[PDB]
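First, one chain by itself in structure tokens, the form deposited in one PDB entry.
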């Protein structure tokens, strides 16, 4: 009905955080609807979101990150609905970047590596990465690999000979925080030699 879901991003712009909410029914009429968050904030008591087309969002440093908050879908001033979320459990990591496969001639293996700005962050600095890859000829059948570091090694012995592979990564909070998978990294395409 007026159901919605949000995801927070901590230290997404410097030390500033961001909370983002949207209705689950994409066709809901949002020209009278308002989003507001109260609780677990500091200098202030509540914050008013900013509509940016279909989605509502806040950018502040005023999140305490301890205890639940109350996000409400207000209509003028009537609380149509509200949920009590703990901004530290709906974190969405920034997507990994600088993906890069490298073929080591000697060891007959490829060394996949990537970067995540989360390493220098102070809060969400522990992530569980998901490296995904498949072969051009194949479809919807990806091979996933869960990593915790930013380096992964595939063996030629395990990858089809003379073929073009597509590989990509994405991260999810994994230590104290909880949340959702980040957007996928841009894909990287490499070819395996002719055996």
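The term rigid core refers to the maximal set of C-alpha atoms that superpose within 1.5 Å between the two forms. Residue numbers count along the first chain shown, from 1.
FYI, the form deposited in another entry isn't displayed, but the following is about it.
A.B. asks: Among 126, 132, 55, 38, whose C-alpha is off by 2 Å or more between this form and the one not shown on a rigid-core fit?
C.D. replies: Spelled out, the residue whose C-alpha shifts by 2 Å or more is 126.
A.B. asks: Pin down for me whether the residue 119-residue 85 Cα distance shrinks or grows in the other form relative to this form (closer or farther, change of 3 Å or more).
C.D. replies: Compared with this form, residue 119 and residue 85 lie closer in the other form.
A.B. asks: Taking the shown form as the reference, report whether the CA atoms of residue 120 and residue 93 lie closer or farther apart in the other form; the distance changes by 3 angstroms or more.
C.D. replies: Distance between the C-alphas of residue 120 and residue 93: shorter in the other form, by 3 Å or more.
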